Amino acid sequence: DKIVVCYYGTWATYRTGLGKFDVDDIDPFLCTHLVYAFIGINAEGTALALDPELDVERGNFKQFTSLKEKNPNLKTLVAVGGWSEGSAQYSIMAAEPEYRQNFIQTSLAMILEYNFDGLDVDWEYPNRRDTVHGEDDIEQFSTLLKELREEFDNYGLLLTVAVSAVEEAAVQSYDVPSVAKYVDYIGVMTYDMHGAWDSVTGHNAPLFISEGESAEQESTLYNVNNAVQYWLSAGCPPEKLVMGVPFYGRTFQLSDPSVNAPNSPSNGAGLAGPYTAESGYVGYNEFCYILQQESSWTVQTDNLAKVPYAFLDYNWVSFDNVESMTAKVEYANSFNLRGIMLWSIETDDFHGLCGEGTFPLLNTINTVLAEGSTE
């Protein structure tokens, strides 16, 4: 029952040239679950298309779910929420029985009309950011999931969530047993552990302790192992714990280029990829190509954290490659986790321009899960 949960950032269709990634760029046999990111809500709970020209007029919802014509076993979910959607309107919706009912009915209508198999709830986050009702959100989130499950069971539909990873974040938002109870699985967002918002360089998804980190109070550090062990410990059964992995890296401007280890002083966000066009973020497709075309980069492996990083003068980049992806999936196998979730399919090296075949990261996930390697 190992699963591979592929998020698709559907705005990638607007990229140009080799960065453009449409629905028909998806390989429906490299995922078991494919997730359409994102739909949204209003404060009264009405589910809505965030890019109706694409989603509705140009038929993108239906093209996405029509991937089941190629792989009939594929499950196609629609994800509501995401970073840009924020928290306020979800806080408002979840607190009012009438708005929860409206959300259940309107999300169900979109799911059935466009032939989705279920709903992924990505509220970022209960009791955080621009939340309106604060700690009430923790209870109201679990009530929302319970009521979604009750209705969705009439139609055989899936209900999943994406959640913050490390304990310090999770305890702000979730009662873990009540979240796990109603969902088919929990996708733990075990990435964005560190980024250009930090005062020092750090890894986006370190597995264990990183270079430059203190080992005292190790359980408080932001890494994948601490997050997974927290969720398991808090009552998420392994068969409902899907471990997130990133198909992107994060970029930094060093304060002093001669000090370029992990946990070195940083001055802010670094380079942007040509297509993702956001300083501080770079897709794997973009950065593997940058490394291939410029031999001046230095690539190192942090052998504490089991992840690579690269630097060139002021640029310092945390990323994940085939080797570190292998270590991550071996880790998940070793704890009998339900599977792997990835953000996001459109920044794998989907064209195979970096010499390791098309979709090297996604194929790595599928291969290591199929083989069952634990070390």
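Start at 1 with the first residue shown and count on from there.
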Of 298-306 and 207-215, the stretch with the higher mean C-alpha B-factor in the deposited entry is 207-215
Please work out which of 118-126 and 233-241 has the higher mean CA B-factor as recorded in the PDB entry.
-> 233-241
Between 104, 269, 161, 224, where does the Cα B-factor run highest in the record?
-> 269
Of 286, 256, 136, 184, which one's C-alpha B factor is largest in the deposited record?
-> 136
Tell me, lowest, middle or highest third: where does the Cα B factor of residue 5 rank within its chain?
-> lowest
Where does residue 249 sit by CA temperature factor within its chain: lowest, middle or highest third?
-> middle
Ranked C-alpha temperature factor of residue 361 among modelled chain residues, by third | lowest
Comparing against every modelled residue in the chain, figure out the third that the C-alpha B-factor of residue 279 lands in (lowest, middle or highest).
-> middle
Chain thirds of CA B-factor: placement of residue 341 = lowest
